[PDB]
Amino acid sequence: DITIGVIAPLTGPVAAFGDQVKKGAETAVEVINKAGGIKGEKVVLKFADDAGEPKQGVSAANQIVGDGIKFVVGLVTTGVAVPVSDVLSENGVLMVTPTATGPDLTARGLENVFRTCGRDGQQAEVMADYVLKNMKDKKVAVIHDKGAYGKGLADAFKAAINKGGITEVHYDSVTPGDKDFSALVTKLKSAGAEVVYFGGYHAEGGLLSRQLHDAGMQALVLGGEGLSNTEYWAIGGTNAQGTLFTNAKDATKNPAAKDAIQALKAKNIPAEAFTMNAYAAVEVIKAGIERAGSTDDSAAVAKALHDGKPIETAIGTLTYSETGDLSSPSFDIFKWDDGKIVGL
């Protein structure tokens, strides 16, 4: 059997992302096995919970190494991704991230790391352009969650709007697990913040959206794809109406997504971006193995994914750079409307 390890937060404040990655990876595996597996062999998933905690991610990685598993989909959050990557890479375990966007993951010399997603510099620059074009005159604030993702992302947005001439009226952070942001909100009111970019995840983002409105403000919340989960709406309520955030292009618009959509509909799983990217990550591993001709040498599989030939996936046709990033990444802006994600 061909074993694929999945390292993902199944418990804790970001288990909602984990759930998406698991279900995307799961659905891909069923379809491949239904379609005859790899070269005639069953693909199986083995799961290991990082709880969204980098120390526990290392531990999950270690278990993955100790089971002799050679392929991994996961490394979901940037903070976990990088420390997991080292453990995986040292021990000849190939890895594909469907969600981690922190640039450092692919800039430290690693030859067996890949993404089915882009990077923060691009998505912050996308939202910054939108801000400069459409909101040059708004009081803008920049907030993060002190996290590897949160701060990197928010600092990149800040840089891009300062370059375009906009001076933020406030820069600051909150601590994951703290739930009272009334102090920060107090400063936001008094700075007259009309727009607040938040680099972080839903547990914190939702609370910021809520507590802004309770203080009587009508501020527009902006962020990255950490605000793409419906839990952000669950937490934020109607206050999050209008929230804009960046994420990959809607994969459902491509005909390449036909097979994945049907398999998901059949299981009542929504075709969300992370879910699709996790499915495509399994497809990449399969394509790697097919081109290499082996399921035993992960280095050969890695070299094959890096050899310049394009790879067909549910999210589209991919070609990897020497760093393991996508060669043609792109990010669109979406908005939360009445609990649903909509374009434009």
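Residues carry their position along the shown sequence, with the first being 1.
- With 186-194 and 127-135 compared on mean CA B-factor from the PDB entry, the stretch scoring higher is 127-135.
- If you average the C-alpha B-factors over 33-41 and over 309-317, the higher value belongs to 33-41.
- Going by the entry's values, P176 shows the largest Cα B-factor out of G224, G152, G74, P176.
- For the set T97, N229, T252, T246, the PDB entry puts the maximum C-alpha B factor at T252.
- Annotation for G102: C-alpha temperature factor in the lowest third relative to the rest of the modelled chain, per the entry.
- In the deposited entry, the Cα temperature factor of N91 places it in the middle third of its chain's modelled residues.
- Ranked within its chain, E204 lands in the lowest third, by CA B factor from the PDB record.
- Ranked against the other modelled residues of its chain, the C-alpha B-factor of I7 as given in the entry falls in the lowest third.
- When all modelled residues of the chain are sorted by CA temperature factor, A240 is found within the highest third.
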